[PDB]
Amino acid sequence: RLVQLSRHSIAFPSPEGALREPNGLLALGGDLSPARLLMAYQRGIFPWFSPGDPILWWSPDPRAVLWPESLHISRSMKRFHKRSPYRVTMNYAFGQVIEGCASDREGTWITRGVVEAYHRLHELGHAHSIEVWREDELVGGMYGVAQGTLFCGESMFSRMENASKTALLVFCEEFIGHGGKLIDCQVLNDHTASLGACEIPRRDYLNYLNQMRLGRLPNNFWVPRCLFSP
């Protein structure tokens, strides 16, 4: 019940036809071109594969998700952020952020081809990054693909205590304050779960997707700017 993607066509098979185990395995092949990738997110699909393997496309059931408002924040994190040593920006250094993610340990799945593919979406205005700075040094951040009022988180990275939590916390506030509705996490992991991510039915997620992709945030919401300083 899988499928080999057409090298000339950008079409995808329906997500409900994906495998149960591995969860969401939907197709393989094709390419990571701007249009293809973009099409995959509109349909609740995303590429995920290790170096050496051919492109693998997924749409898991259930789906990992994070309600911005339901973001969990311990009391020591609140004390920390009130006196934060960090500065947070948006779309200041997409290239550095994704490279920071691809440099962790699964950062090994963020292959050169993947870095190049998402960089294209960034240049084209679809992928965005949140940077966390400690003085002059980039110490964390995250990036994803905007889909209207729905944001699909791709990865995060941390080089200093609470750096990635500061990226998400600040991002959520900004996002919530301007109409953001949901953050897609694809698959629930340990870190993502401690932040408040939960699981909902694949069709529920696809319903939200179709509804939120039409939604709109302020026209200049993603222009590069400082989001948190003093």
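Position 1 is the first residue in the sequence shown; the rest follow in order.
Colleague: Where both flanking residues are modelled in the other PDB entries compared, is residue 106 itself missing in a third or more?
Modeller: It is, since residue 106 is left out of at least a third of the other entries that model both flanking stretches.
Colleague: What number of residues from the deposited sequence go unmodelled in the gap from residue 105 to residue 106, classed as none, 1 to 3, 4 to 9, or 10 or more?
Modeller: Just 1 to 3 residues are missing between them.
Colleague: Check the entry's C-alpha temperature factors for 107-115 and 135-143, then say which stretch has the higher mean.
Modeller: The recorded data point to 107-115.
Colleague: Between 187-195 and 26-34, which has the higher average C-alpha B-factor in the PDB entry?
Modeller: Comparing 187-195 with 26-34, the higher mean C-alpha B-factor belongs to 187-195.
Colleague: Grab the CA temperature factor for residue 81 from the record and place it in the lowest, middle or highest third of its chain.
Modeller: Middle third of the chain for residue 81's C-alpha B-factor.
Colleague: Taking the chain's C-alpha temperature factors as the reference, tell me which third residue 200 falls into: lowest, middle or highest.
Modeller: For residue 200, the deposited C-alpha B-factor lands in the highest third.
Colleague: Considering only modelled residues of the same chain, in which third does the CA B-factor of residue 39 rank: lowest, middle or highest?
Modeller: Highest third of the chain for residue 39's C-alpha B-factor.
Colleague: Comparing against every modelled residue in the chain, figure out the third that the C-alpha B-factor of residue 87 lands in (lowest, middle or highest).
Modeller: For residue 87, whose C-alpha B-factor we compare with every modelled residue in the chain, the answer is the lowest third.
Colleague: Would you please rank residue 122 by its C-alpha temperature factor against the other modelled residues of its chain and give the third it falls in: lowest, middle or highest?
Modeller: Middle third by C-alpha B-factor.
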